[PDB]
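**Q**
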């Protein structure tokens, strides 16, 4: 009922759960079982990691539940995913969209974004931001695309069951005219339009652990 991912790059399923797992070096590993329990342990010494458990596809009505038992300081923990419309012009930055719903962070990755609006979801106050990536990596290769962010007004604590109500963030982005392209396809060259609870660790100074469970 589990995989221990230690390779530099891997995607796939463990039972009902999808995962993506990316490393530019080092011994960082992701363990995931079929009940959505996950464990990321990272090296400490300056490589980068992005990975976590989730669904290959973005469901506009998904209610994501998770709890973190351990989180020693990963650059950020965020719901993380993609939308992609193969019929749209590739010079239109909305043809492909990377989106983040941040739960915790050492530094704020949304700081380059332009503010959209503030709203409440599951009793949590969020603010939204939109930035652009110019000729950067993506599920469809190097391209120029928008990033949509939702950032909570406080860090989400460990040891508690949290909820991310994806419909609320889709709506908040749409409220400012930020539309998500199709989130249920494989049309892109490199990856499906997945949606995962990502553990992101950039240039870590100390060894680290993030563990918990995700479900919907």
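Residue numbers (the entry's author numbering): 1 to 216.
Think of the CB as a built atom: it goes at the ideal place given N, C-alpha and C, for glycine as much as any other residue.
Could you tell me which residues DSSP pairs with residue 79 in its beta bridges?
**A** Answer is 101 and 197.
**Q** Could you check if residue 85 is buried or exposed, using at least 16 other CB atoms within 10 Å of its CB as the buried criterion?
**A** Buried.
**Q** Taking just the CA atoms, how far does residue 79 sit from residue 108?
**A** Cα to Cα, the separation comes out at about 15 Å.
**Q** So residue 22 and residue 195 are in contact, right, with Cβ under 8 Å, and what is the actual spacing, rounded?
**A** That belief does not hold up - the Cβ atoms of residue 22 and residue 195 are roughly 16 Å apart, past 8 Å.
**Q** At what residue ranges does the stretch 27-102 contain a whole run of the beta strand (DSSP E), taking only runs of 3 or more?
**A** Taking only runs of at least 3 residues, the beta strand (DSSP E) segments lying wholly in the stretch 27-102 are 29-33, 37-42, 48-55, 63-71 and 76-84.
**Q** With C-beta atoms as the reference, is residue 124 less than 9 Å away from residue 146?
**A** Cβ distance not < 9 Å, so residue 124 and residue 146 don't count as in contact.
**Q** Using only alpha-carbon positions, find the residue among 48, 174, 122 and 212 that is nearest to residue 203.
**A** Minimum Cα distance to residue 203 is reached at 48.
**Q** Out of 120, 57, 159 and 205, point me to the one whose CA is closest to residue 70's CA.
**A** The candidate whose alpha carbon is nearest that of residue 70 is 159.
**Q** Are the beta-carbon atoms of residue 14 and residue 32 separated by less than 9 Å?
**A** Going by C-beta atoms, residue 14 is nearer than 9 Å to residue 32.
**Q** Give me the Cα-Cα distance between residue 37 and residue 178, rounded to the nearest whole angstrom.
**A** Roughly 33 Å separates the two Cα atoms.
**Q** With a 10 Å radius around its C-beta and 16 neighbouring C-beta atoms as the bar for buried, classify residue 89 as buried or exposed.
**A** So residue 89 ends up on the exposed side.
**Q** Please tell me whether residue 81 and residue 98 are closer than 9 Å, where the distance is taken between their beta carbons.
**A** Yes.
**Q** Could you compute how far the alpha carbon of residue 43 sits from the alpha carbon of residue 95?
**A** Each residue's Cα considered, the two are about 36 Å apart.
**Q** Given this structure, state the Cα-to-Cα distance separating residue 157 from residue 104, to the nearest angstrom.
**A** Going from the Cα of residue 157 to the Cα of residue 104 covers about 8 Å.
**Q** Checking the sheet assignment: what are the DSSP bridge partners for residue 210?
**A** Beta-bridge pairing links residue 210 to 40 and 71.
**Q** Short of 6 Å in beta carbon distance, which residues of its chain neighbour residue 25, apart from the five on each side in sequence? Order them along the chain.
**A** These residues qualify, in order along the chain: 47.
**Q** Where does residue 154 fall in DSSP's three states?
**A** DSSP places residue 154 in coil when its eight states are reduced to three.
**Q** Let me check understanding here. Comparing Cα to Cα, which of 20, 68 and 27 lies closest to residue 192?
**A** Looking at the Cα atoms, 20 is the closest of the given residues.
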